[PDB]
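K.L.:
Right, I'll just put the structure down here and ask away after.
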Amino acid sequence: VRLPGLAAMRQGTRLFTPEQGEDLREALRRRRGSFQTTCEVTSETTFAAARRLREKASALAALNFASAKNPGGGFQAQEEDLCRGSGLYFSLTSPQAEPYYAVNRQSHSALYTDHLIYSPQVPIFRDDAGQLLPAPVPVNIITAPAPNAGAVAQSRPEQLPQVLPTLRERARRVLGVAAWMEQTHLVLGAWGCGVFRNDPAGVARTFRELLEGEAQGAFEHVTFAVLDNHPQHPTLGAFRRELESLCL
Ligand SMILES: Nc1ncnc2c1ncn2[C@@H]1O[C@H](COP(=O)(O)OP(=O)(O)OC[C@H]2O[C@H](O)[C@H](O)[C@@H]2O)[C@@H](O)[C@H]1O
């Protein structure tokens with residue numbers, strides 16, 4: 001059996017190549033200035049925030065903190081959760097999307113490449129607790145690996161100064177894909193700040209410079225769903241301070 005919605009999701013999954021980084025920056029240009037973007041930082045899981053925003057949102061995308069070598073990352077982690085409660089993994093393994101993992105496997109570097117996976121209308125089937133929803137809710141998803149900072153530190157430390165130059169260059173492509181497919185509502189988060197070991201305050205600043213810069217106004221509403229189980233909330237806190245300008 002195939003679960004409803006999946007067939008059309010796999011058909012519509014498209015790949016964005018490194019050479020299309022130019023056309024993705026033009027897409028930001030055409031969307032810049034469209035809304036008076038309002039912004040918020042919540043302690044939600046990516047899918048919880050998505051469902052919350054679903055009703056009011058015209059076009060709703062979520063960012064998957066993906067692995068660069070395995071669909072679902074080989075399985076705590078956000079991509080592992082997206083795959084338990086939705087249709088993601090059937091879209092990430094679609095034949096058309098395989099160059100993303102193929103090239104990244106040859107890559108030789110823990111910075112990875114600038115392939116992205118857009119998956120339209122990914123049904124969320126289950127809530128955080130693992131219970132089925134009375135009906136599935138669709139959410140478009142953008143898949144991009146943040147550079148593995150921890151793998152870099154162990155293998156090519158001469159590459160550490162390019163970690164942030166990659167995170168920026170790549171977060172601009174994510175927002176590029178999102179403007180490209182004319183999304184109104186984004187759920188972002190602490191991309192690369194767990195298993196991949198980048199600093200949260202660094203990632204959060206990156207996004208900020210983008211949303212007051214090349215992507216200022218490209219989106220109606222951007223939610224940072226940072227799930228942070230620790231009592232003193234380090235990852236979450238960094239996103240609140242570094243984004244307190246934009247949520248006011
Ligand atoms: N369901 C969730 N929803 C929202 N935020 C979450 C969630 N889970 C964790 N966070 C927060 O997001 C932060 C980072 O989540 P991480 O999963 O490490 O993504 P990465 O980009 O660092 O690593 C990607 C690789 O790790 C995976 O294995 C992939 O398969 C790849 O192999 C966490 O600290 C949480 O605060």
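Letters A, B, ... mark the chains of the structure tokens in the order given; residue numbers begin at 1 per chain; ligand numbers begin at 1, in order shown.
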Can you build me a table of chain A residues sitting at most 6 Å from ligand 1, with the closest atom pair per residue and its distance in Å to one decimal, using only C-alpha atoms and all ligand atoms, sorted by chain and residue number, as JSON lines?
P.N.:
{"residue": "A:45", "atom": "CA", "partner": "ligand 1", "partner_atom_place_in_ligand_line": "3 (N)", "distance": 3.4}
{"residue": "A:46", "atom": "CA", "partner": "ligand 1", "partner_atom_place_in_ligand_line": "3 (N)", "distance": 4.2}
{"residue": "A:65", "atom": "CA", "partner": "ligand 1", "partner_atom_place_in_ligand_line": "21 (O)", "distance": 4.3}
{"residue": "A:66", "atom": "CA", "partner": "ligand 1", "partner_atom_place_in_ligand_line": "29 (C)", "distance": 4.7}
{"residue": "A:67", "atom": "CA", "partner": "ligand 1", "partner_atom_place_in_ligand_line": "31 (C)", "distance": 3.5}
{"residue": "A:72", "atom": "CA", "partner": "ligand 1", "partner_atom_place_in_ligand_line": "30 (O)", "distance": 5.1}
{"residue": "A:73", "atom": "CA", "partner": "ligand 1", "partner_atom_place_in_ligand_line": "30 (O)", "distance": 3.0}
{"residue": "A:76", "atom": "CA", "partner": "ligand 1", "partner_atom_place_in_ligand_line": "8 (N)", "distance": 5.5}
{"residue": "A:77", "atom": "CA", "partner": "ligand 1", "partner_atom_place_in_ligand_line": "17 (O)", "distance": 3.1}
{"residue": "A:78", "atom": "CA", "partner": "ligand 1", "partner_atom_place_in_ligand_line": "8 (N)", "distance": 3.6}
{"residue": "A:79", "atom": "CA", "partner": "ligand 1", "partner_atom_place_in_ligand_line": "30 (O)", "distance": 5.2}
{"residue": "A:81", "atom": "CA", "partner": "ligand 1", "partner_atom_place_in_ligand_line": "1 (N)", "distance": 5.2}
{"residue": "A:146", "atom": "CA", "partner": "ligand 1", "partner_atom_place_in_ligand_line": "21 (O)", "distance": 5.7}
{"residue": "A:190", "atom": "CA", "partner": "ligand 1", "partner_atom_place_in_ligand_line": "12 (O)", "distance": 4.5}
{"residue": "A:191", "atom": "CA", "partner": "ligand 1", "partner_atom_place_in_ligand_line": "21 (O)", "distance": 4.5}
{"residue": "A:192", "atom": "CA", "partner": "ligand 1", "partner_atom_place_in_ligand_line": "21 (O)", "distance": 3.0}
{"residue": "A:193", "atom": "CA", "partner": "ligand 1", "partner_atom_place_in_ligand_line": "22 (O)", "distance": 4.2}
{"residue": "A:194", "atom": "CA", "partner": "ligand 1", "partner_atom_place_in_ligand_line": "18 (O)", "distance": 3.2}
{"residue": "A:195", "atom": "CA", "partner": "ligand 1", "partner_atom_place_in_ligand_line": "18 (O)", "distance": 3.9}
{"residue": "A:196", "atom": "CA", "partner": "ligand 1", "partner_atom_place_in_ligand_line": "22 (O)", "distance": 4.0}
{"residue": "A:197", "atom": "CA", "partner": "ligand 1", "partner_atom_place_in_ligand_line": "22 (O)", "distance": 5.9}
{"residue": "A:225", "atom": "CA", "partner": "ligand 1", "partner_atom_place_in_ligand_line": "4 (C)", "distance": 5.3}
{"residue": "A:226", "atom": "CA", "partner": "ligand 1", "partner_atom_place_in_ligand_line": "5 (N)", "distance": 4.4}
{"residue": "A:227", "atom": "CA", "partner": "ligand 1", "partner_atom_place_in_ligand_line": "5 (N)", "distance": 4.1}
{"residue": "A:228", "atom": "CA", "partner": "ligand 1", "partner_atom_place_in_ligand_line": "36 (O)", "distance": 4.4}
{"residue": "A:235", "atom": "CA", "partner": "ligand 1", "partner_atom_place_in_ligand_line": "36 (O)", "distance": 5.8}
K.L.:
Okay, now the selection with N, CA, C and O atoms, as an mmCIF file, in the first residue's frame?
P.N.:
data_model
loop_
_atom_site.group_PDB
_atom_site.id
_atom_site.type_symbol
_atom_site.label_atom_id
_atom_site.label_comp_id
_atom_site.auth_asym_id
_atom_site.auth_seq_id
_atom_site.Cartn_x
_atom_site.Cartn_y
_atom_site.Cartn_z
ATOM 1 N N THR A 45 8.873 22.013 17.917
ATOM 2 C CA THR A 45 9.409 21.165 16.868
ATOM 3 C C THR A 45 8.989 21.720 15.516
ATOM 4 O O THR A 45 7.960 22.395 15.388
ATOM 5 N N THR A 46 9.799 21.429 14.497
ATOM 6 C CA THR A 46 9.547 21.999 13.178
ATOM 7 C C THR A 46 8.139 21.672 12.699
ATOM 8 O O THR A 46 7.443 22.539 12.154
ATOM 9 N N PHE A 65 17.034 19.818 8.322
ATOM 10 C CA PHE A 65 18.464 19.806 8.621
ATOM 11 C C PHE A 65 18.990 18.451 8.155
ATOM 12 O O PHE A 65 19.142 17.490 8.923
ATOM 13 N N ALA A 66 19.260 18.368 6.860
ATOM 14 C CA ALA A 66 19.467 17.059 6.280
ATOM 15 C C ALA A 66 20.908 16.614 6.400
ATOM 16 O O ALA A 66 21.833 17.418 6.559
ATOM 17 N N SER A 67 21.082 15.302 6.305
ATOM 18 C CA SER A 67 22.387 14.722 6.043
ATOM 19 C C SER A 67 22.768 14.964 4.593
ATOM 20 O O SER A 67 21.913 15.175 3.729
ATOM 21 N N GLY A 72 17.622 10.766 5.394
ATOM 22 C CA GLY A 72 17.280 10.490 6.779
ATOM 23 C C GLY A 72 18.461 10.397 7.725
ATOM 24 O O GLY A 72 18.265 10.113 8.919
ATOM 25 N N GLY A 73 19.682 10.596 7.229
ATOM 26 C CA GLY A 73 20.847 10.685 8.089
ATOM 27 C C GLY A 73 21.269 9.421 8.796
ATOM 28 O O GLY A 73 22.093 9.492 9.717
ATOM 29 N N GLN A 76 15.682 12.985 18.680
ATOM 30 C CA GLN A 76 17.019 13.516 18.983
ATOM 31 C C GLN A 76 17.431 14.531 17.909
ATOM 32 O O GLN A 76 17.704 15.710 18.202
ATOM 33 N N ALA A 77 17.463 14.054 16.664
ATOM 34 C CA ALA A 77 17.812 14.861 15.503
ATOM 35 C C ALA A 77 16.561 15.235 14.712
ATOM 36 O O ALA A 77 15.595 14.468 14.647
ATOM 37 N N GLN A 78 16.590 16.418 14.084
ATOM 38 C CA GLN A 78 15.366 16.952 13.481
ATOM 39 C C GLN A 78 14.971 16.203 12.204
ATOM 40 O O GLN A 78 13.782 15.953 11.970
ATOM 41 N N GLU A 79 15.937 15.840 11.360
ATOM 42 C CA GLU A 79 15.577 15.132 10.131
ATOM 43 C C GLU A 79 14.979 13.768 10.443
ATOM 44 O O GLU A 79 13.998 13.351 9.818
ATOM 45 N N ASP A 81 13.206 13.033 12.914
ATOM 46 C CA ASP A 81 11.814 13.248 13.322
ATOM 47 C C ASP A 81 10.919 13.561 12.135
ATOM 48 O O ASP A 81 9.789 13.074 12.063
ATOM 49 N N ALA A 146 23.747 21.620 6.217
ATOM 50 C CA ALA A 146 24.702 22.604 6.713
ATOM 51 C C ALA A 146 26.081 21.952 6.761
ATOM 52 O O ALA A 146 26.183 20.733 6.911
ATOM 53 N N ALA A 190 17.490 25.725 14.244
ATOM 54 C CA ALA A 190 18.910 25.689 14.583
ATOM 55 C C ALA A 190 19.668 24.744 13.663
ATOM 56 O O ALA A 190 20.436 23.883 14.126
ATOM 57 N N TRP A 191 19.429 24.892 12.364
ATOM 58 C CA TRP A 191 20.174 24.218 11.314
ATOM 59 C C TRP A 191 21.650 24.071 11.659
ATOM 60 O O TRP A 191 22.330 25.058 11.958
ATOM 61 N N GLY A 192 22.135 22.828 11.633
ATOM 62 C CA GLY A 192 23.548 22.549 11.815
ATOM 63 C C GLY A 192 24.092 22.691 13.224
ATOM 64 O O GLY A 192 25.316 22.589 13.409
ATOM 65 N N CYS A 193 23.241 22.896 14.231
ATOM 66 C CA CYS A 193 23.708 23.230 15.571
ATOM 67 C C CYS A 193 23.728 22.048 16.548
ATOM 68 O O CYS A 193 24.100 22.228 17.717
ATOM 69 N N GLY A 194 23.369 20.845 16.093
ATOM 70 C CA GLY A 194 23.417 19.674 16.947
ATOM 71 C C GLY A 194 24.497 18.712 16.511
ATOM 72 O O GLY A 194 25.667 18.893 16.860
ATOM 73 N N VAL A 195 24.109 17.700 15.729
ATOM 74 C CA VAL A 195 25.064 16.705 15.242
ATOM 75 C C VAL A 195 26.161 17.367 14.412
ATOM 76 O O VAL A 195 27.334 16.978 14.485
ATOM 77 N N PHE A 196 25.820 18.377 13.617
ATOM 78 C CA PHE A 196 26.878 18.948 12.789
ATOM 79 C C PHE A 196 27.764 19.939 13.540
ATOM 80 O O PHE A 196 28.788 20.349 12.993
ATOM 81 N N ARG A 197 27.391 20.339 14.758
ATOM 82 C CA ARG A 197 28.242 21.032 15.729
ATOM 83 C C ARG A 197 28.614 22.470 15.376
ATOM 84 O O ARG A 197 29.567 22.998 15.977
ATOM 85 N N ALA A 225 11.614 27.426 14.774
ATOM 86 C CA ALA A 225 11.200 26.344 15.663
ATOM 87 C C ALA A 225 12.465 25.643 16.144
ATOM 88 O O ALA A 225 13.026 24.784 15.443
ATOM 89 N N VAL A 226 12.925 26.030 17.337
ATOM 90 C CA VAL A 226 14.119 25.478 17.974
ATOM 91 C C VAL A 226 13.671 24.636 19.157
ATOM 92 O O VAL A 226 13.265 25.180 20.193
ATOM 93 N N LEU A 227 13.753 23.317 19.018
ATOM 94 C CA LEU A 227 13.426 22.399 20.103
ATOM 95 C C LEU A 227 14.668 22.184 20.954
ATOM 96 O O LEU A 227 15.669 21.659 20.464
ATOM 97 N N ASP A 228 14.604 22.573 22.223
ATOM 98 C CA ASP A 228 15.804 22.646 23.055
ATOM 99 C C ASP A 228 15.446 22.083 24.422
ATOM 100 O O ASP A 228 15.003 22.818 25.309
ATOM 101 N N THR A 235 20.561 26.666 22.908
ATOM 102 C CA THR A 235 20.315 26.906 21.486
ATOM 103 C C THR A 235 19.186 27.911 21.294
ATOM 104 O O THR A 235 19.320 28.891 20.546
#
K.L.:
Neighbours of residue 100 of chain A within 8 Å (only C-alpha atoms; same-chain residues fewer than 6 positions away dropped), as a PyMOL selection string?
P.N.:
chain A and resi 15+68+115-117
K.L.:
Which polymer residues have any atom within 10 Å of an atom of residue 238 of chain A, counting only C-alpha atoms, with same-chain residues fewer than 3 positions away left out, as a ChimeraX atom specification?
P.N.:
/A:190,199-205,233-235,241-244
K.L.:
Those same residues, written as a PDB file, in the first residue's frame with C-alpha atoms?
P.N.:
ATOM      1  CA  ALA A 190      18.910  25.689  14.583  1.00  0.00           C
ATOM      2  CA  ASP A 199      27.591  27.324  16.886  1.00  0.00           C
ATOM      3  CA  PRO A 200      23.921  28.355  17.286  1.00  0.00           C
ATOM      4  CA  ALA A 201      24.669  32.069  17.686  1.00  0.00           C
ATOM      5  CA  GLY A 202      26.609  31.904  14.418  1.00  0.00           C
ATOM      6  CA  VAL A 203      23.833  30.239  12.456  1.00  0.00           C
ATOM      7  CA  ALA A 204      21.227  32.567  13.934  1.00  0.00           C
ATOM      8  CA  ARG A 205      23.232  35.668  13.025  1.00  0.00           C
ATOM      9  CA  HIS A 233      17.798  26.622  26.826  1.00  0.00           C
ATOM     10  CA  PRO A 234      21.226  27.368  25.157  1.00  0.00           C
ATOM     11  CA  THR A 235      20.315  26.906  21.486  1.00  0.00           C
ATOM     12  CA  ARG A 241      19.065  37.335  21.453  1.00  0.00           C
ATOM     13  CA  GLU A 242      20.470  37.202  17.935  1.00  0.00           C
ATOM     14  CA  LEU A 243      16.965  37.658  16.455  1.00  0.00           C
ATOM     15  CA  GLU A 244      15.417  40.033  18.999  1.00  0.00           C
TER      16      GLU A 244
END
K.L.:
Can you pull out the residues contacting segment 213-222 of chain A? Cut-off 8 Å, using only C-alpha atoms, and skip same-chain residues under 6 positions away; I want them as an MDAnalysis selection string.
P.N.:
chainID A and resid 28:29 31:40 175 179 183:188
K.L.:
Tell me, in Å to one decimal, how far atom CA of residue 80 of chain A is from atom CA of residue 62 of chain A.
P.N.:
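Atom CA of residue 62 of chain A lies 14.3 Å from atom CA of residue 80 of chain A.
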K.L.:
Env of residue 129 of chain A: 12 Å cut, atoms = only C-alpha atoms, seq-sep filter 4 positions within chain, self excluded. Answer as a ChimeraX atom specification.
P.N.:
/A:45,47-48,81,84-85,125,133
K.L.:
Write out as a PDB file with C-alpha atoms, in the first residue's frame the residues lying within 10 Å of residue 169 of chain A, counting only C-alpha atoms and excluding same-chain residues fewer than 5 positions away.
P.N.:
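Wrote it out as selection.pdb, contents follow:
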ATOM      1  CA  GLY A  21      22.734  29.352  -7.358  1.00  0.00           C
ATOM      2  CA  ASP A 114      25.020  23.058  -2.886  1.00  0.00           C
ATOM      3  CA  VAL A 163      32.405  26.898   7.584  1.00  0.00           C
ATOM      4  CA  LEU A 164      30.613  30.197   8.073  1.00  0.00           C
ATOM      5  CA  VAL A 174      17.506  27.756   1.026  1.00  0.00           C
ATOM      6  CA  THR A 206      23.598  34.336   9.463  1.00  0.00           C
TER       7      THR A 206
END
K.L.:
Check segment 26-90 of chain A with DSSP on the backbone and list each residue it calls strand (DSSP E), as an MDAnalysis selection string.
P.N.:
chainID A and resid 38:42 60:65
K.L.:
Could those residues be written to a file, using N, CA, C and O atoms, as an mmCIF file, in the first residue's frame?
P.N.:
data_model
loop_
_atom_site.group_PDB
_atom_site.id
_atom_site.type_symbol
_atom_site.label_atom_id
_atom_site.label_comp_id
_atom_site.auth_asym_id
_atom_site.auth_seq_id
_atom_site.Cartn_x
_atom_site.Cartn_y
_atom_site.Cartn_z
ATOM 1 N N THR A 38 6.930 39.454 9.571
ATOM 2 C CA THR A 38 7.030 39.381 11.015
ATOM 3 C C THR A 38 7.636 38.051 11.420
ATOM 4 O O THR A 38 7.542 37.049 10.704
ATOM 5 N N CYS A 39 8.272 38.067 12.579
ATOM 6 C CA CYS A 39 9.246 37.062 12.931
ATOM 7 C C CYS A 39 9.061 36.597 14.361
ATOM 8 O O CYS A 39 8.652 37.361 15.237
ATOM 9 N N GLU A 40 9.399 35.341 14.603
ATOM 10 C CA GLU A 40 9.179 34.816 15.937
ATOM 11 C C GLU A 40 10.116 33.642 16.161
ATOM 12 O O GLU A 40 10.519 32.960 15.211
ATOM 13 N N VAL A 41 10.483 33.446 17.426
ATOM 14 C CA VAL A 41 11.322 32.339 17.861
ATOM 15 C C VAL A 41 10.529 31.568 18.896
ATOM 16 O O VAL A 41 10.141 32.133 19.927
ATOM 17 N N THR A 42 10.278 30.290 18.622
ATOM 18 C CA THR A 42 9.505 29.430 19.509
ATOM 19 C C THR A 42 10.304 28.180 19.848
ATOM 20 O O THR A 42 11.218 27.779 19.121
ATOM 21 N N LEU A 60 3.643 27.269 2.540
ATOM 22 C CA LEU A 60 4.304 26.971 3.809
ATOM 23 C C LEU A 60 5.440 25.963 3.610
ATOM 24 O O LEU A 60 5.212 24.800 3.241
ATOM 25 N N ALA A 61 6.661 26.402 3.870
ATOM 26 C CA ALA A 61 7.833 25.568 3.684
ATOM 27 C C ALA A 61 8.546 25.390 5.013
ATOM 28 O O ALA A 61 8.520 26.276 5.872
ATOM 29 N N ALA A 62 9.192 24.241 5.165
ATOM 30 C CA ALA A 62 10.006 23.963 6.331
ATOM 31 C C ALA A 62 11.370 23.496 5.868
ATOM 32 O O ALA A 62 11.497 22.851 4.827
ATOM 33 N N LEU A 63 12.389 23.828 6.636
ATOM 34 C CA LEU A 63 13.753 23.466 6.296
ATOM 35 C C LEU A 63 14.139 22.204 7.044
ATOM 36 O O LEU A 63 13.982 22.124 8.268
ATOM 37 N N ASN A 64 14.654 21.229 6.307
ATOM 38 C CA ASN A 64 15.092 19.956 6.861
ATOM 39 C C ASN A 64 16.605 20.012 7.077
ATOM 40 O O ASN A 64 17.370 20.257 6.137
ATOM 41 N N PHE A 65 17.034 19.818 8.322
ATOM 42 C CA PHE A 65 18.464 19.806 8.621
ATOM 43 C C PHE A 65 18.990 18.451 8.155
ATOM 44 O O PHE A 65 19.142 17.490 8.923
#
K.L.:
Using the chain letters and numbers from this document, which residues of segment 85-227 of chain A does DSSP assign to alpha helix (DSSP H), as a short mmCIF file (atom, residue, chain, number, x, y, z; two decimals) with N, CA, C and O atoms, in the first residue's frame?
P.N.:
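In the end it all went to out-v5.cif:
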data_model
loop_
_atom_site.label_atom_id
_atom_site.label_comp_id
_atom_site.auth_asym_id
_atom_site.auth_seq_id
_atom_site.Cartn_x
_atom_site.Cartn_y
_atom_site.Cartn_z
N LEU A 88 8.48 12.71 4.08
CA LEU A 88 9.79 13.17 3.61
C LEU A 88 10.61 12.10 2.90
O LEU A 88 10.97 12.26 1.73
N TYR A 89 10.89 11.01 3.61
CA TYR A 89 11.88 10.04 3.15
C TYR A 89 11.50 9.41 1.82
O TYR A 89 12.38 9.07 1.01
N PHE A 90 10.20 9.25 1.55
CA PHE A 90 9.79 8.80 0.22
C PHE A 90 10.08 9.85 -0.86
O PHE A 90 10.30 9.50 -2.03
N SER A 91 10.09 11.14 -0.49
CA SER A 91 10.51 12.18 -1.43
C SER A 91 12.04 12.27 -1.55
O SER A 91 12.57 12.41 -2.66
N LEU A 92 12.77 12.16 -0.44
CA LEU A 92 14.22 12.26 -0.52
C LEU A 92 14.86 11.10 -1.31
O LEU A 92 15.95 11.27 -1.87
N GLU A 98 18.44 11.74 -6.50
CA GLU A 98 19.63 10.99 -6.09
C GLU A 98 20.96 11.70 -6.36
O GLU A 98 21.89 11.48 -5.56
N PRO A 99 21.14 12.54 -7.40
CA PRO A 99 22.40 13.30 -7.53
C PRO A 99 22.83 14.07 -6.28
O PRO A 99 24.04 14.21 -6.06
N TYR A 100 21.88 14.56 -5.48
CA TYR A 100 22.23 15.25 -4.23
C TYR A 100 23.10 14.37 -3.35
O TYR A 100 24.11 14.83 -2.82
N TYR A 101 22.70 13.11 -3.16
CA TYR A 101 23.50 12.23 -2.31
C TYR A 101 24.68 11.65 -3.07
O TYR A 101 25.74 11.40 -2.47
N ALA A 102 24.53 11.42 -4.38
CA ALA A 102 25.61 10.87 -5.19
C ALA A 102 26.82 11.79 -5.20
O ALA A 102 27.93 11.39 -4.85
N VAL A 103 26.61 13.06 -5.60
CA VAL A 103 27.70 14.02 -5.64
C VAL A 103 28.28 14.22 -4.24
O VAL A 103 29.51 14.19 -4.05
N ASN A 104 27.41 14.39 -3.24
CA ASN A 104 27.88 14.64 -1.89
C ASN A 104 28.75 13.49 -1.37
O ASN A 104 29.68 13.72 -0.59
N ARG A 105 28.47 12.27 -1.82
CA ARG A 105 29.27 11.12 -1.40
C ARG A 105 30.68 11.16 -1.99
O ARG A 105 31.64 10.71 -1.34
N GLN A 106 30.81 11.66 -3.22
CA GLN A 106 32.11 11.84 -3.85
C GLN A 106 32.85 13.05 -3.29
O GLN A 106 34.05 13.19 -3.52
N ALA A 149 30.54 21.00 10.78
CA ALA A 149 31.68 21.63 11.44
C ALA A 149 32.51 20.61 12.20
O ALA A 149 33.74 20.67 12.17
N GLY A 150 31.88 19.64 12.85
CA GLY A 150 32.64 18.67 13.63
C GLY A 150 33.47 17.72 12.78
O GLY A 150 34.60 17.35 13.16
N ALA A 151 32.94 17.31 11.63
CA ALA A 151 33.74 16.48 10.73
C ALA A 151 34.92 17.26 10.18
O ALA A 151 36.03 16.73 10.06
N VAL A 152 34.71 18.55 9.87
CA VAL A 152 35.79 19.38 9.36
C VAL A 152 36.92 19.45 10.37
O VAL A 152 38.09 19.23 10.03
N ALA A 153 36.58 19.73 11.63
CA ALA A 153 37.59 19.89 12.67
C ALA A 153 38.49 18.67 12.81
O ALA A 153 39.64 18.80 13.22
N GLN A 154 37.98 17.49 12.45
CA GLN A 154 38.70 16.25 12.62
C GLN A 154 39.53 15.86 11.41
O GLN A 154 40.36 14.96 11.53
N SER A 155 39.31 16.48 10.25
CA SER A 155 39.83 15.96 8.98
C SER A 155 40.56 17.01 8.15
O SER A 155 41.65 16.74 7.62
N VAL A 163 33.67 27.43 7.08
CA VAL A 163 32.40 26.90 7.58
C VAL A 163 31.33 27.97 7.53
O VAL A 163 30.25 27.77 6.96
N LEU A 164 31.60 29.12 8.13
CA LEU A 164 30.61 30.20 8.07
C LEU A 164 30.42 30.75 6.67
O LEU A 164 29.27 30.99 6.28
N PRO A 165 31.47 30.98 5.86
CA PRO A 165 31.21 31.35 4.46
C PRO A 165 30.32 30.34 3.71
O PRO A 165 29.64 30.74 2.75
N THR A 166 30.28 29.07 4.14
CA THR A 166 29.38 28.10 3.51
C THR A 166 27.97 28.24 4.05
O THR A 166 27.01 28.34 3.29
N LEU A 167 27.83 28.26 5.38
CA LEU A 167 26.51 28.42 5.99
C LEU A 167 25.75 29.60 5.42
O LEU A 167 24.54 29.50 5.17
N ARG A 168 26.44 30.73 5.21
CA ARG A 168 25.77 31.89 4.63
C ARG A 168 25.38 31.61 3.18
O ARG A 168 24.21 31.73 2.79
N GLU A 169 26.37 31.22 2.37
CA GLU A 169 26.16 30.91 0.97
C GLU A 169 25.04 29.89 0.78
O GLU A 169 24.31 29.94 -0.22
N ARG A 170 24.87 28.98 1.74
CA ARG A 170 23.87 27.92 1.61
C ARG A 170 22.53 28.32 2.18
O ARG A 170 21.50 27.98 1.59
N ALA A 171 22.52 29.02 3.32
CA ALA A 171 21.25 29.57 3.81
C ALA A 171 20.64 30.53 2.79
O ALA A 171 19.42 30.58 2.63
N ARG A 172 21.48 31.25 2.05
CA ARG A 172 20.94 32.06 0.96
C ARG A 172 20.30 31.20 -0.13
O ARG A 172 19.35 31.64 -0.78
N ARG A 173 20.81 30.00 -0.35
CA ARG A 173 20.15 29.17 -1.35
C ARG A 173 18.83 28.62 -0.84
O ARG A 173 17.84 28.59 -1.59
N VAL A 174 18.77 28.22 0.44
CA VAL A 174 17.51 27.76 1.03
C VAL A 174 16.42 28.81 0.86
O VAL A 174 15.35 28.55 0.29
N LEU A 175 16.68 30.03 1.35
CA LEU A 175 15.77 31.14 1.12
C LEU A 175 15.56 31.38 -0.37
O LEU A 175 14.47 31.80 -0.79
N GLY A 176 16.59 31.14 -1.18
CA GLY A 176 16.42 31.21 -2.62
C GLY A 176 15.38 30.23 -3.13
O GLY A 176 14.43 30.61 -3.83
N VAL A 177 15.54 28.94 -2.78
CA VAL A 177 14.53 27.96 -3.16
C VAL A 177 13.15 28.39 -2.66
O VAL A 177 12.16 28.35 -3.41
N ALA A 178 13.07 28.88 -1.42
CA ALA A 178 11.78 29.28 -0.86
C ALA A 178 11.15 30.44 -1.63
O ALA A 178 9.94 30.44 -1.89
N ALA A 179 11.95 31.45 -1.99
CA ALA A 179 11.40 32.52 -2.82
C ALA A 179 11.05 32.00 -4.21
O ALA A 179 10.02 32.38 -4.78
N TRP A 180 11.89 31.10 -4.74
CA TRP A 180 11.66 30.54 -6.07
C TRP A 180 10.26 29.94 -6.19
O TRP A 180 9.52 30.26 -7.12
N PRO A 200 25.25 27.78 17.52
CA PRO A 200 23.92 28.35 17.29
C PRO A 200 23.95 29.86 17.04
O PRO A 200 23.33 30.34 16.07
N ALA A 201 24.66 30.62 17.88
CA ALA A 201 24.67 32.07 17.69
C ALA A 201 25.21 32.44 16.31
O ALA A 201 24.82 33.47 15.75
N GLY A 202 26.10 31.62 15.75
CA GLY A 202 26.61 31.90 14.42
C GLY A 202 25.56 31.66 13.35
O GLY A 202 25.36 32.50 12.46
N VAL A 203 24.88 30.52 13.42
CA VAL A 203 23.83 30.24 12.46
C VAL A 203 22.74 31.29 12.54
O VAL A 203 22.26 31.79 11.52
N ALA A 204 22.34 31.64 13.76
CA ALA A 204 21.23 32.57 13.93
C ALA A 204 21.57 33.95 13.41
O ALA A 204 20.70 34.64 12.86
N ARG A 205 22.82 34.38 13.57
CA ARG A 205 23.23 35.67 13.02
C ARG A 205 23.15 35.64 11.50
O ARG A 205 22.59 36.55 10.88
N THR A 206 23.66 34.56 10.90
CA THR A 206 23.60 34.34 9.46
C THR A 206 22.21 34.59 8.89
O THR A 206 22.03 35.43 7.99
N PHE A 207 21.21 33.86 9.41
CA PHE A 207 19.82 34.06 9.01
C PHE A 207 19.42 35.52 9.15
O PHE A 207 18.78 36.08 8.26
N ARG A 208 19.79 36.13 10.27
CA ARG A 208 19.37 37.50 10.52
C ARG A 208 19.90 38.43 9.43
O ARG A 208 19.13 39.21 8.85
N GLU A 209 21.20 38.34 9.13
CA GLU A 209 21.78 39.20 8.11
C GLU A 209 21.06 39.02 6.79
O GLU A 209 20.86 39.99 6.05
N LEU A 210 20.61 37.79 6.51
CA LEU A 210 19.83 37.52 5.30
C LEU A 210 18.46 38.18 5.36
O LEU A 210 18.02 38.79 4.37
N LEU A 211 17.77 38.07 6.48
CA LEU A 211 16.39 38.55 6.48
C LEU A 211 16.29 40.06 6.65
O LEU A 211 15.21 40.62 6.37
#
K.L.:
Report the distance between atom CA of residue 223 of chain A and atom CA of residue 71 of chain A in Å, rounded to one decimal place.
P.N.:
24.5 Å
K.L.:
So which one's closest to residue 97 of chain A, A:43, A:232, A:245, A:11? Using only C-alpha atoms, please.
P.N.:
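Closest residue, counting only C-alpha atoms: A:11.
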K.L.:
When you draw a straight line from atom CA of residue 56 of chain A to atom CA of residue 237 of chain A, how long is it in Å?
P.N.:
27.0 Å
K.L.:
When you count only C-alpha atoms, which of these residues is closest to residue 158 of chain A: A:24, A:109, A:19, A:248?
P.N.:
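Closest candidate: A:109.
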